[PDB]
Every structure is written in structure tokens, then in C-alpha cells.
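*Asks:* So that we are looking at the same thing, I have put the structure below in C-alpha cells.
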Amino acid sequence: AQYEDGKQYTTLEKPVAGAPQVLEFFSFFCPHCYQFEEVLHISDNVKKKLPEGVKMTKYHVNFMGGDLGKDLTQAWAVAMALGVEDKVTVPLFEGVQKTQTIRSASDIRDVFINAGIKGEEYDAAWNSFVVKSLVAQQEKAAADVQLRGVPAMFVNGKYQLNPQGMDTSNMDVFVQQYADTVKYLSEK
């Protein structure tokens with residue numbers, strides 16, 4: 001066929017019940033994730049092609065970057081709670097990988113402040129139980145699929161994208177193939 005299990009995607013031998021429809025994992029320490037988000041805009045091009053009704057979820061992971069890696073998972077929880085993902089995603093990636101000005105939890109907090117989130121509001125969220133349960137959700141989702149590398153995308157807890165089975169000569173064309181594949185998997 002044109003789409004083949006084991007080619008553009010794989011099937012989880014152990015499917016995950018109740019999983020989000022489209023689930024992307026990343027780390028702000030992850031070089032290909034920087035490419036995916038900042039250069040390719042994968043999340044965004046997938047969204048523009050997703051069927052009516054199907055929602056998109058993106059979670060941060062702990063297994064890169066040690067202690068700062070976990071801080072970033074908690075910060076990403078704060079980002080989701082406040083709904084400011086689209087304001088902090090670029091400065092967090094650039095702060096970790098481009099300027100390398102993010103070295104502490106306080107430096108992460110600076111990104112939010114500069115983005116216009118109030119200090120008191122950031123700190124309140126950071127320490128909140130709603131954020132703790134959001135950290136929990138992120139951890140559980142990665143655990144459910146035995147996640148050991150990023151970037152990663154899963155459709156309906158059943159299928160995992162396999163971009164290594166794709167031509168990267170042209171980055172526009174790769175992105176649309178990736179997106180068209182997610183759409184295909186979402187209609188399965």
C-alpha cells in the first residue's frame with residue numbers, strides 16, 4: 001500500500017487505552033525537537049490538516065537534561081495551565097539551545113516574566129496542585145508508551161509516527177508528508 005505499518009508508522013504491540021487522539025512528545029534540550037518546532041513547524045502543520053473534532057496534545061519529557069530537564073517539564077505544565085504555550089515555546093527553545101541562557105529554574109521563570117506572565121501568577125501556578133497533576137499527566141503518558149526518545153508522535157495510543165522512513169531533501173515536502181500521515185492515521 002501507500003502507507004505501510006513498519007514504514008511511515010509503527011503499531012504499538014501494547015495499545016494504550018484512553019490516550020489522547022494526537023500526542024506529541026518533546027524536550028527543550030532535544031536538537032531535532034528544536035528543528036521540528038522552530039524550523040519545520042511540525043505541530044502546526046499537523047493541526048492545519050487534522051479532521052474536525054480531533055484535538056492535539058503536546059507534552060514535555062524528563063529523560064533529557066537532568067535536573068533542568070524536570071524543571072522544564074514543570075514549566076511546560078505551567079505553560080499549559082496558563083495557556084501561554086504559544087508565548088514561551090520559542091524563548092524556551094532558544095534559551096536552552098541557541099543563546100544557552102537557561103541554566104536554572106530562575107532563568108526559566110525569567111522567560112515567562114519577559115513574555116508578560118506576572119511573577120506572582122507564575123509562582124502561584126508553579127507551586128499549585130493543578131500543575132502537579134499536569135506534571136503527572138505528562139509523566140504517565142510517556143510511561144504508557146515506554147517513551148525513550150524524542151521527538152515522538154502517537155495517534156490514538158495505537159500508532160507511532162516513523163519519520164525516518166521519509167525523504168528530507170526538501171523540508172516543505174517532508175512536513176506535509178508527516179502531516180498527511182498523521183491525518184491518514186487519524187482516519188484509521
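Ligands are numbered from 1 in the order shown, residues from 1 within each chain, and chains are lettered A, B, ... in the order they appear in the C-alpha cells.
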Using the chain letters and numbers from this document, which residues of chain A does DSSP assign to alpha helix (DSSP H), as number ranges by chain?

*Replies:* A: 31-34, 42-47, 66-82, 85-93, 105-114, 119-126, 129-144, 171-186

*Asks:* What's around residue 179 of chain A at 10 Å? Count only C-alpha atoms, leave out sequence neighbours fewer than 2 positions away in its own chain, and write the answer as a tab-separated table (two decimals) with N, CA and C atoms, in the first residue's frame.

*Replies:*
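See selection_39.tsv below for the written result:
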chain	number	residue	atom	x	y	z
A	42	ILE	N	6.28	21.35	12.71
A	42	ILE	CA	5.50	20.11	12.61
A	42	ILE	C	4.15	20.18	13.31
A	43	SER	N	4.14	20.57	14.59
A	43	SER	CA	2.88	20.63	15.34
A	43	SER	C	1.85	21.45	14.59
A	44	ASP	N	2.28	22.58	14.06
A	44	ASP	CA	1.37	23.50	13.42
A	44	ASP	C	0.82	22.97	12.09
A	45	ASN	N	1.67	22.31	11.31
A	45	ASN	CA	1.22	21.80	10.03
A	45	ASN	C	0.38	20.54	10.16
A	46	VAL	N	0.64	19.76	11.20
A	46	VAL	CA	-0.26	18.67	11.54
A	46	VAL	C	-1.65	19.19	11.89
A	47	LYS	N	-1.72	20.20	12.76
A	47	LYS	CA	-3.00	20.76	13.19
A	47	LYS	C	-3.85	21.25	12.03
A	48	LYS	N	-3.22	21.92	11.07
A	48	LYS	CA	-3.94	22.50	9.95
A	48	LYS	C	-4.56	21.44	9.05
A	49	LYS	N	-4.13	20.20	9.21
A	49	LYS	CA	-4.67	19.13	8.38
A	49	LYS	C	-5.49	18.10	9.14
A	50	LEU	N	-5.60	18.25	10.45
A	50	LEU	CA	-6.37	17.29	11.24
A	50	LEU	C	-7.86	17.44	11.01
A	173	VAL	N	8.30	19.47	1.84
A	173	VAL	CA	7.70	18.21	1.43
A	173	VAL	C	7.68	17.17	2.54
A	174	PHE	N	8.74	17.12	3.34
A	174	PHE	CA	8.76	16.23	4.50
A	174	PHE	C	7.64	16.54	5.49
A	175	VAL	N	7.48	17.82	5.79
A	175	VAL	CA	6.47	18.27	6.75
A	175	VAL	C	5.07	17.86	6.30
A	176	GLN	N	4.74	18.11	5.04
A	176	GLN	CA	3.41	17.76	4.54
A	176	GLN	C	3.19	16.26	4.50
A	177	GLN	N	4.24	15.50	4.19
A	177	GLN	CA	4.13	14.05	4.29
A	177	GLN	C	3.85	13.60	5.72
A	181	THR	N	0.37	11.91	6.81
A	181	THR	CA	0.44	10.63	7.50
A	181	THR	C	-0.36	10.64	8.82
A	182	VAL	N	-0.23	11.72	9.60
A	182	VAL	CA	-0.99	11.85	10.83
A	182	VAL	C	-2.49	11.86	10.51
A	183	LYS	N	-2.87	12.54	9.44
A	183	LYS	CA	-4.28	12.62	9.04
A	183	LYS	C	-4.79	11.23	8.68
A	184	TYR	N	-4.03	10.53	7.85
A	184	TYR	CA	-4.32	9.13	7.49
A	184	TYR	C	-4.51	8.26	8.73
A	185	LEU	N	-3.57	8.33	9.66
A	185	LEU	CA	-3.65	7.52	10.87
A	185	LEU	C	-4.86	7.92	11.69

*Asks:* For residue 144 of chain A, please output as a PyMOL selection string all residues within 10 Å (counting only C-alpha atoms; exclusion window: fewer than 4 positions along the same chain).

*Replies:* chain A and resi 14-17+19+139-140+157

*Asks:* Since we have the selection now, will you write its residues out, keeping N, CA and C atoms, as a compact mmCIF listing (two decimals), in the first residue's frame?

*Replies:*
# COMPACT_ATOMS: atom_id res chain seq x y z
N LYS A 14 1.39 -3.00 22.30
CA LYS A 14 0.67 -2.90 23.56
C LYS A 14 -0.08 -1.57 23.61
N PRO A 15 -1.23 -1.49 22.91
CA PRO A 15 -2.00 -0.25 22.71
C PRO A 15 -2.49 0.35 24.02
N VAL A 16 -2.50 1.68 24.07
CA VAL A 16 -2.75 2.41 25.30
C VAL A 16 -4.17 2.97 25.31
N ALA A 17 -5.01 2.45 26.20
CA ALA A 17 -6.40 2.88 26.31
C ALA A 17 -6.55 4.29 26.89
N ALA A 19 -5.85 7.10 25.55
CA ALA A 19 -4.80 8.03 25.13
C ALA A 19 -5.36 9.19 24.32
N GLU A 139 4.03 12.75 32.71
CA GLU A 139 4.83 11.58 33.04
C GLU A 139 4.12 10.27 32.72
N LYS A 140 2.84 10.20 33.05
CA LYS A 140 2.08 8.97 32.80
C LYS A 140 1.98 8.67 31.31
N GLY A 157 -3.15 6.36 20.85
CA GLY A 157 -2.48 5.35 21.65
C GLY A 157 -2.23 4.07 20.89

*Asks:* Can you work out the spacing between atom CA of residue 32 of chain A and atom CA of residue 152 of chain A in Å, to one decimal?

*Replies:*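 These two atoms are separated by 10.3 Å.
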
*Asks:* Can you tell me which residues surround residue 119 of chain A at a distance of at most 12 Å, considering only C-alpha atoms, apart from same-chain residues fewer than 5 positions away, and format the answer as a list in words?

*Replies:*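 Answer for this query is residues 106, 108, 109, 110, 111, 112, 113, 114, 124, 125 and 126 of chain A.
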
*Asks:* Grab the residues selected above and save them as a PDB file, in the first residue's frame with C-alpha atoms.

*Replies:*
ATOM      1  CA  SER A 106      15.029  31.101  37.837  1.00  0.00           C
ATOM      2  CA  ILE A 108      13.154  29.572  33.055  1.00  0.00           C
ATOM      3  CA  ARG A 109      10.958  31.848  35.157  1.00  0.00           C
ATOM      4  CA  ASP A 110      12.616  34.902  33.507  1.00  0.00           C
ATOM      5  CA  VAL A 111      11.322  33.694  30.136  1.00  0.00           C
ATOM      6  CA  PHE A 112       7.746  33.760  31.395  1.00  0.00           C
ATOM      7  CA  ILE A 113       8.202  37.204  33.015  1.00  0.00           C
ATOM      8  CA  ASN A 114       9.641  38.640  29.787  1.00  0.00           C
ATOM      9  CA  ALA A 124       1.344  30.576  42.142  1.00  0.00           C
ATOM     10  CA  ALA A 125       0.981  28.170  39.221  1.00  0.00           C
ATOM     11  CA  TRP A 126       4.447  26.656  39.674  1.00  0.00           C
TER      12      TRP A 126
END

*Asks:* Taking 3 positions as the minimum chain separation for residues in the same chain, which residues sit within 12 Å of residue 69 of chain A when counting only C-alpha atoms? Answer as a PyMOL selection string.

*Replies:* chain A and resi 26-30+60-66+72-76+92+96+102-105+108

*Asks:* So that I can check the surroundings of residue 166 of chain A, please list as a list in words every protein, DNA and RNA residue that reaches within 9 Å of it, counting only C-alpha atoms and ignoring chain neighbours fewer than 3 positions away.

*Replies:*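 Answer for this query is residues 7, 8, 162, 163, 174, 177 and 178 of chain A.
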
*Asks:* Store the residues of this selection in a file with N, CA and C atoms, as a CSV table (one decimal), in the first residue's frame.

*Replies:*
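The resulting file, out32.csv, is shown below:
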chain,number,residue,atom,x,y,z
A,7,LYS,N,6.5,1.2,8.0
A,7,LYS,CA,7.2,2.2,7.1
A,7,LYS,C,7.1,3.6,7.6
A,8,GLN,N,5.9,4.2,7.4
A,8,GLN,CA,5.7,5.6,7.8
A,8,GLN,C,5.3,5.7,9.2
A,162,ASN,N,6.8,7.4,12.2
A,162,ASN,CA,8.1,6.9,11.9
A,162,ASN,C,8.8,7.7,10.7
A,163,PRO,N,9.2,9.0,11.1
A,163,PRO,CA,9.7,9.9,10.1
A,163,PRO,C,11.0,9.5,9.4
A,174,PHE,N,8.7,17.1,3.3
A,174,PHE,CA,8.8,16.2,4.5
A,174,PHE,C,7.6,16.5,5.5
A,177,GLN,N,4.2,15.5,4.2
A,177,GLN,CA,4.1,14.1,4.3
A,177,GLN,C,3.9,13.6,5.7
A,178,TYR,N,4.5,14.2,6.7
A,178,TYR,CA,4.4,13.9,8.1
A,178,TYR,C,2.9,14.2,8.5

*Asks:* So that I can check the secondary structure, give me every residue of segment 49-175 of chain A assigned strand (DSSP E or B) by backbone DSSP, as a short mmCIF file (atom, residue, chain, number, x, y, z; two decimals) with N, CA and C atoms, in the first residue's frame.

*Replies:*
data_model
loop_
_atom_site.label_atom_id
_atom_site.label_comp_id
_atom_site.auth_asym_id
_atom_site.auth_seq_id
_atom_site.Cartn_x
_atom_site.Cartn_y
_atom_site.Cartn_z
N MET A 56 -5.23 18.20 19.67
CA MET A 56 -3.79 17.94 19.76
C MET A 56 -3.20 18.21 21.15
N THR A 57 -2.36 17.29 21.60
CA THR A 57 -1.74 17.40 22.91
C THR A 57 -0.23 17.34 22.76
N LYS A 58 0.49 18.19 23.47
CA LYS A 58 1.95 18.15 23.42
C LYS A 58 2.52 18.13 24.83
N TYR A 59 3.37 17.14 25.11
CA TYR A 59 3.96 17.01 26.43
C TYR A 59 5.47 17.04 26.44
N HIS A 60 6.02 17.61 27.51
CA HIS A 60 7.46 17.63 27.72
C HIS A 60 7.91 16.36 28.45
N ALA A 152 8.56 12.57 19.25
CA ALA A 152 7.71 11.41 19.04
C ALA A 152 6.28 11.86 18.90
N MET A 153 5.52 11.16 18.06
CA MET A 153 4.10 11.44 17.93
C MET A 153 3.34 10.14 17.84
N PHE A 154 2.22 10.12 18.54
CA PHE A 154 1.38 8.94 18.69
C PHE A 154 -0.03 9.32 18.31
N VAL A 155 -0.71 8.43 17.60
CA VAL A 155 -2.10 8.66 17.24
C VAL A 155 -2.99 7.62 17.92
N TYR A 159 -0.73 4.12 17.27
CA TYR A 159 0.26 4.20 16.20
C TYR A 159 1.34 5.21 16.53
N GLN A 160 2.58 4.92 16.14
CA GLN A 160 3.68 5.84 16.40
C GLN A 160 4.30 6.28 15.06
N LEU A 161 4.40 7.59 14.84
CA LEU A 161 4.98 8.09 13.60
C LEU A 161 6.43 7.63 13.42
#

*Asks:* Can you work out which one of A:86, A:97, A:80, A:158 has the shortest atom-to-atom distance to residue 132 of chain A, counting only C-alpha atoms?

*Replies:*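 Looking only at the distances to residue 132 of chain A, the closest residue turns out to be A:80.
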
*Asks:* Using Å and a single decimal, report how far atom CA of residue 134 of chain A sits from atom CA of residue 78 of chain A.

*Replies:*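 Atom CA of residue 134 of chain A lies 8.3 Å from atom CA of residue 78 of chain A.
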
*Asks:* Please indicate the distance in Å from atom CA of residue 115 of chain A to atom CA of residue 20 of chain A, rounded to one decimal place.

*Replies:* 28.5 Å
